[PDB]
>>> print(open('input.cif').read())   # mmCIF, C-alpha atoms
data_target
#
loop_
_atom_site.group_PDB
_atom_site.id
_atom_site.type_symbol
_atom_site.label_atom_id
_atom_site.label_comp_id
_atom_site.auth_asym_id
_atom_site.auth_seq_id
_atom_site.Cartn_x
_atom_site.Cartn_y
_atom_site.Cartn_z
ATOM 1 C CA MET A 1 0.000 0.000 0.000
ATOM 2 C CA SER A 2 1.876 2.969 -1.346
ATOM 3 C CA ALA A 3 1.049 3.668 -5.012
ATOM 4 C CA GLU A 4 0.486 0.342 -6.617
ATOM 5 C CA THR A 5 -2.923 0.899 -8.296
ATOM 6 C CA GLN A 6 -1.780 4.445 -9.009
ATOM 7 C CA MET A 7 0.253 3.076 -11.932
ATOM 8 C CA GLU A 8 -2.825 1.760 -13.658
ATOM 9 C CA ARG A 9 -4.649 5.029 -13.141
ATOM 10 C CA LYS A 10 -1.745 7.172 -14.361
ATOM 11 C CA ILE A 11 -1.415 5.399 -17.654
ATOM 12 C CA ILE A 12 -5.023 5.625 -18.470
ATOM 13 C CA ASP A 13 -4.937 9.247 -17.278
ATOM 14 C CA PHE A 14 -2.378 9.977 -19.958
ATOM 15 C CA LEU A 15 -4.767 8.356 -22.432
ATOM 16 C CA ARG A 16 -7.572 10.202 -20.827
ATOM 17 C CA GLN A 17 -5.821 13.367 -21.685
ATOM 18 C CA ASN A 18 -5.413 12.459 -25.368
ATOM 19 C CA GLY A 19 -8.752 10.838 -25.522
ATOM 20 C CA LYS A 20 -10.086 8.070 -23.193
ATOM 21 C CA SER A 21 -11.369 5.173 -25.206
ATOM 22 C CA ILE A 22 -11.212 1.411 -25.433
ATOM 23 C CA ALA A 23 -8.294 -0.813 -24.363
ATOM 24 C CA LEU A 24 -7.043 -0.890 -27.939
ATOM 25 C CA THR A 25 -6.335 2.799 -27.829
ATOM 26 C CA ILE A 26 -4.755 2.645 -24.378
ATOM 27 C CA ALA A 27 -2.276 0.177 -25.819
ATOM 28 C CA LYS A 28 -1.282 2.629 -28.566
ATOM 29 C CA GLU A 29 -1.192 5.582 -26.125
ATOM 30 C CA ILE A 30 1.344 3.991 -23.854
ATOM 31 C CA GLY A 31 2.989 1.909 -26.543
ATOM 32 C CA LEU A 32 2.248 -1.262 -24.642
ATOM 33 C CA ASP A 33 0.317 -4.403 -25.404
ATOM 34 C CA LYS A 34 -3.446 -4.697 -25.044
ATOM 35 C CA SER A 35 -3.055 -7.491 -22.493
ATOM 36 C CA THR A 36 -1.017 -5.210 -20.419
ATOM 37 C CA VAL A 37 -3.800 -2.636 -20.685
ATOM 38 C CA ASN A 38 -6.355 -5.312 -19.783
ATOM 39 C CA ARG A 39 -4.616 -6.191 -16.523
ATOM 40 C CA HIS A 40 -4.413 -2.547 -15.526
ATOM 41 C CA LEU A 41 -8.023 -1.775 -16.287
ATOM 42 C CA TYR A 42 -9.163 -4.924 -14.664
ATOM 43 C CA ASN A 43 -7.636 -3.750 -11.400
ATOM 44 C CA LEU A 44 -9.283 -0.390 -11.576
ATOM 45 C CA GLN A 45 -12.558 -1.962 -12.792
ATOM 46 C CA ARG A 46 -13.165 -4.059 -9.772
ATOM 47 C CA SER A 47 -11.961 -1.244 -7.672
ATOM 48 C CA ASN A 48 -14.750 0.982 -9.222
ATOM 49 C CA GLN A 49 -12.060 3.344 -10.265
ATOM 50 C CA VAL A 50 -12.330 2.628 -13.925
ATOM 51 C CA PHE A 51 -15.228 1.101 -15.700
ATOM 52 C CA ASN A 52 -17.337 1.809 -18.716
ATOM 53 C CA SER A 53 -18.685 5.176 -18.250
ATOM 54 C CA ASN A 54 -21.857 7.139 -19.038
ATOM 55 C CA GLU A 55 -21.342 7.922 -22.694
ATOM 56 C CA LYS A 56 -22.883 6.303 -25.665
ATOM 57 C CA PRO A 57 -19.805 4.328 -26.661
ATOM 58 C CA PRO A 58 -19.147 2.603 -23.234
ATOM 59 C CA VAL A 59 -15.885 4.335 -22.413
ATOM 60 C CA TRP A 60 -13.018 2.863 -20.633
ATOM 61 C CA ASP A 61 -12.453 5.923 -18.646
ATOM 62 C CA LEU A 62 -13.163 6.938 -15.197
ATOM 63 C CA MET A 63 -15.075 9.358 -12.967
ATOM 64 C CA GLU A 64 -12.096 10.749 -11.202
#
>>> encode(input="input.cif", output="structure tokens")
Amino acid sequence: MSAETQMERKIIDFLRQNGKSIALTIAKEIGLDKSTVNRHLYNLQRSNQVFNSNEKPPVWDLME
């Protein structure tokens, strides 16, 4: 407990800043693989930090 889950949230936040979207974009944003993205979003998902959010295309973005 220090800043573990913070990593997940920071990478999507970068994405968030260019344009939150699906996991496929996140992968391009950070130059990582989509499976990598999946693990990160999965953490935040269950944590109710990240989920699909409010818009018409169910965004992988957050409310924070």
>>> resolve_selection(input="input.cif", expression="the PyMOL selection byres ((chain A and resi 52) around 12)", output="list in words")
residues 20, 21, 22, 23, 41, 42, 44, 45, 46, 48, 49, 50, 51, 53, 54, 55, 56, 57, 58, 59, 60, 61, 62 and 63 of chain A
>>> atom_distance(input="input.cif", atom1="atom CA of residue 40 of chain A", atom2="atom CA of residue 7 of chain A")
8.1 Å
>>> atom_distance(input="input.cif", atom1="atom CA of residue 15 of chain A", atom2="atom CA of residue 36 of chain A")
14.2 Å
>>> residues_around(input="input.cif", residues="residue 29 of chain A", least_positions_apart="2", cutoff="12 Å", atoms="only C-alpha atoms", output="compact mmCIF listing (two decimals) with C-alpha atoms, keeping the file's coordinate frame")
# COMPACT_ATOMS: atom_id res chain seq x y z
CA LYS A 10 -1.74 7.17 -14.36
CA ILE A 11 -1.42 5.40 -17.65
CA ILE A 12 -5.02 5.62 -18.47
CA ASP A 13 -4.94 9.25 -17.28
CA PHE A 14 -2.38 9.98 -19.96
CA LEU A 15 -4.77 8.36 -22.43
CA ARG A 16 -7.57 10.20 -20.83
CA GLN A 17 -5.82 13.37 -21.68
CA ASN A 18 -5.41 12.46 -25.37
CA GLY A 19 -8.75 10.84 -25.52
CA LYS A 20 -10.09 8.07 -23.19
CA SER A 21 -11.37 5.17 -25.21
CA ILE A 22 -11.21 1.41 -25.43
CA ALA A 23 -8.29 -0.81 -24.36
CA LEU A 24 -7.04 -0.89 -27.94
CA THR A 25 -6.34 2.80 -27.83
CA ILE A 26 -4.76 2.64 -24.38
CA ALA A 27 -2.28 0.18 -25.82
CA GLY A 31 2.99 1.91 -26.54
CA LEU A 32 2.25 -1.26 -24.64
CA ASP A 33 0.32 -4.40 -25.40
CA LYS A 34 -3.45 -4.70 -25.04
CA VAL A 37 -3.80 -2.64 -20.68
>>> axis_aligned_box(input="input.cif", around="segment 58-63 of chain A", padding_each_side="5 Å", output="lines of an AutoDock Vina configuration file")
center_x = -15.8
center_y = 6.0
center_z = -18.1
size_x = 16.7
size_y = 16.8
size_z = 20.3
>>> build_atoms(input="input.cif", residues="segment 7-41 of chain A", atoms="N, CA and C atoms", output="compact mmCIF listing (two decimals), in the frame of the given file")
# COMPACT_ATOMS: atom_id res chain seq x y z
N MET A 7 -0.43 3.26 -10.66
CA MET A 7 0.25 3.08 -11.93
C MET A 7 -0.76 2.91 -13.03
N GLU A 8 -1.70 2.03 -12.79
CA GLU A 8 -2.82 1.76 -13.66
C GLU A 8 -3.57 3.06 -14.00
N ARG A 9 -3.83 3.83 -13.00
CA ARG A 9 -4.65 5.03 -13.14
C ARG A 9 -3.87 6.13 -13.87
N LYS A 10 -2.57 6.15 -13.71
CA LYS A 10 -1.74 7.17 -14.36
C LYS A 10 -1.62 6.93 -15.85
N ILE A 11 -1.59 5.67 -16.26
CA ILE A 11 -1.42 5.40 -17.65
C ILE A 11 -2.67 5.66 -18.41
N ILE A 12 -3.81 5.36 -17.79
CA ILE A 12 -5.02 5.62 -18.47
C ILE A 12 -5.27 7.12 -18.43
N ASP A 13 -4.72 7.81 -17.41
CA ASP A 13 -4.94 9.25 -17.28
C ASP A 13 -4.25 9.98 -18.41
N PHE A 14 -3.09 9.48 -18.80
CA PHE A 14 -2.38 9.98 -19.96
C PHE A 14 -3.29 9.85 -21.19
N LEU A 15 -3.82 8.66 -21.37
CA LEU A 15 -4.77 8.36 -22.43
C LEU A 15 -5.94 9.27 -22.36
N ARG A 16 -6.45 9.38 -21.18
CA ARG A 16 -7.57 10.20 -20.83
C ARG A 16 -7.41 11.60 -21.36
N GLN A 17 -6.22 12.06 -21.25
CA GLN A 17 -5.82 13.37 -21.68
C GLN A 17 -5.75 13.45 -23.20
N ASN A 18 -5.43 12.35 -23.90
CA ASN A 18 -5.41 12.46 -25.37
C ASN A 18 -6.77 12.11 -25.91
N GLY A 19 -7.45 11.26 -25.18
CA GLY A 19 -8.75 10.84 -25.52
C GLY A 19 -9.07 9.43 -25.04
N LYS A 20 -9.52 9.31 -23.75
CA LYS A 20 -10.09 8.07 -23.19
C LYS A 20 -10.92 7.30 -24.21
N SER A 21 -10.86 5.99 -24.13
CA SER A 21 -11.37 5.17 -25.21
C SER A 21 -11.30 3.71 -24.78
N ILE A 22 -11.29 2.81 -25.73
CA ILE A 22 -11.21 1.41 -25.43
C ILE A 22 -9.77 0.99 -25.21
N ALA A 23 -9.60 -0.22 -24.71
CA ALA A 23 -8.29 -0.81 -24.36
C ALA A 23 -7.31 -0.83 -25.53
N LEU A 24 -7.85 -0.81 -26.74
CA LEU A 24 -7.04 -0.89 -27.94
C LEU A 24 -6.29 0.43 -28.12
N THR A 25 -6.93 1.51 -27.73
CA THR A 25 -6.34 2.80 -27.83
C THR A 25 -5.29 2.95 -26.76
N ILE A 26 -5.66 2.57 -25.53
CA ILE A 26 -4.76 2.64 -24.38
C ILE A 26 -3.41 2.02 -24.71
N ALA A 27 -3.46 0.89 -25.40
CA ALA A 27 -2.28 0.18 -25.82
C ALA A 27 -1.40 1.05 -26.71
N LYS A 28 -2.01 1.75 -27.66
CA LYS A 28 -1.28 2.63 -28.57
C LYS A 28 -0.72 3.84 -27.83
N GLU A 29 -1.54 4.41 -26.94
CA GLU A 29 -1.19 5.58 -26.12
C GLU A 29 0.11 5.37 -25.38
N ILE A 30 0.18 4.26 -24.69
CA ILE A 30 1.34 3.99 -23.85
C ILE A 30 2.38 3.13 -24.54
N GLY A 31 2.08 2.73 -25.76
CA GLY A 31 2.99 1.91 -26.54
C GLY A 31 3.17 0.52 -25.97
N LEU A 32 2.17 0.04 -25.26
CA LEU A 32 2.25 -1.26 -24.64
C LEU A 32 1.27 -2.21 -25.31
N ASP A 33 1.20 -3.42 -24.82
CA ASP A 33 0.32 -4.40 -25.40
C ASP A 33 -1.08 -4.27 -24.79
N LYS A 34 -2.07 -4.81 -25.48
CA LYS A 34 -3.45 -4.70 -25.04
C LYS A 34 -3.72 -5.59 -23.82
N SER A 35 -2.84 -6.55 -23.57
CA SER A 35 -3.06 -7.49 -22.49
C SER A 35 -2.57 -6.83 -21.23
N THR A 36 -1.56 -6.01 -21.42
CA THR A 36 -1.02 -5.21 -20.42
C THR A 36 -2.09 -4.21 -19.96
N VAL A 37 -2.71 -3.56 -20.93
CA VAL A 37 -3.80 -2.64 -20.68
C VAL A 37 -4.92 -3.33 -19.93
N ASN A 38 -5.31 -4.51 -20.42
CA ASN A 38 -6.36 -5.31 -19.78
C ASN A 38 -6.10 -5.50 -18.32
N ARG A 39 -4.89 -5.92 -17.95
CA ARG A 39 -4.62 -6.19 -16.52
C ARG A 39 -4.80 -4.93 -15.69
N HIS A 40 -4.36 -3.81 -16.24
CA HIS A 40 -4.41 -2.55 -15.53
C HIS A 40 -5.85 -2.08 -15.32
N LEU A 41 -6.66 -2.25 -16.34
CA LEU A 41 -8.02 -1.78 -16.29
C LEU A 41 -8.88 -2.69 -15.45
